[PDB]
Structures are given as C-alpha cells and as structure tokens.
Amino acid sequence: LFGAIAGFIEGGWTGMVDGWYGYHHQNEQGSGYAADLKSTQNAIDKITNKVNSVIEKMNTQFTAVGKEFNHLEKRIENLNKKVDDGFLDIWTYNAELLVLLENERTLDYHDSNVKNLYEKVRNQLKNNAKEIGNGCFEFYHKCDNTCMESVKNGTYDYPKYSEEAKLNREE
C-alpha cells in the first residue's frame, strides 16, 4: 500500500466522471474536475490485460466427465469419484485465492498510480506552490487556465513564475 487512496487523499470525487485519476483546479476564471487521460488509459490497458490473462490462460479440452459403473465396480467408481473430487478441491482453492491475491494487488496498483501522479506534479511545481496536503497544491502565483493545462500535460514552466512566487511566498 502506497498511502494515497483512502489515505493522505482521504476521499474520491463523484464529480470526476471522465476517468479514474485526475485533477480539480480553482482560479479566477472558474473551477472544475478533469481526468488525466494518459494515465487513466494506461491503467485500463493494463488491467484489461490482467483480466484477459486470468481468463485466456485456461486450457479447455473436450471431455465427458461422467462415467457409469456396474454394481461390482464400486472400487473404480470410488476411484473416479476421488479424481473428480480432488480436482474440485484444487480448482476451488486456487480460484478462490487467485482472486483474493489479485484484488489486493489491483487495488494497490491504483494507489500507486495516484501517488505517482501527486509526485509528478509536486516535482514540477516545487516551492512555486504550497503542499496543503489532502492532495492539494496552493499556488504562490496567478495560475490561469493555460498555466493549469501546462501542469496537467507536464510542460509547466518553473522559470516563468519563479520570481512572482518567491516574493509572494515570504508574506
């Protein structure tokens, strides 16, 4: 576990409908939710792959399970039953535990993705903004919609605003 989901970002956003992970801004021009489509898509592809891996790796052959034995063949009847029952116990246990294990991992995978995305942003801004926590960053400068969209697509210009931020930071 990575400490983000249900953690230092304590809740989810029902209002963010266009993806799994994203942002919510607020400047003079307005405010709103917007998914990060690259990292959301990236995850969908990988989860999809997981689901398909679990399903499509199963080798299925044609077989007629049932057998019929006469009243003087109890022993091979019971041999047969042992086989059917042995396979039932194996598949049941593996299937049950596979799912339990993969679900722990899937959930953690998402936690990781959200954490990596917080860090991605933190390391762009640095001291040009304050880490409130709960996943928010509070700017020391005027961040207009172009500025926002730049952080979201990873092309934020630290230099541009670094001096405007410094003077504001001290008060």
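Start at 1 with the first residue shown and count on from there.
Asker: Taking the recorded C-alpha temperature factors, which stretch has the higher mean, 141 to 149 or 104 to 112?
Answerer: Averaging CA B-factors over each stretch, the winner is 141 to 149.
Asker: Could you check which stretch, 5 to 13 or 154 to 162, carries the larger mean CA temperature factor in the entry?
Answerer: On average, C-alpha B-factors are higher across 154 to 162.
Asker: Please work out which residue in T40, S53, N70, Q61 has the highest C-alpha B-factor recorded for this crystal structure.
Answerer: Highest C-alpha B-factor among the listed options: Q61.
Asker: Sorting the chain's CA B-factors, does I47 end up in the lowest, middle or highest third?
Answerer: CA B-factor rank for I47: lowest third.
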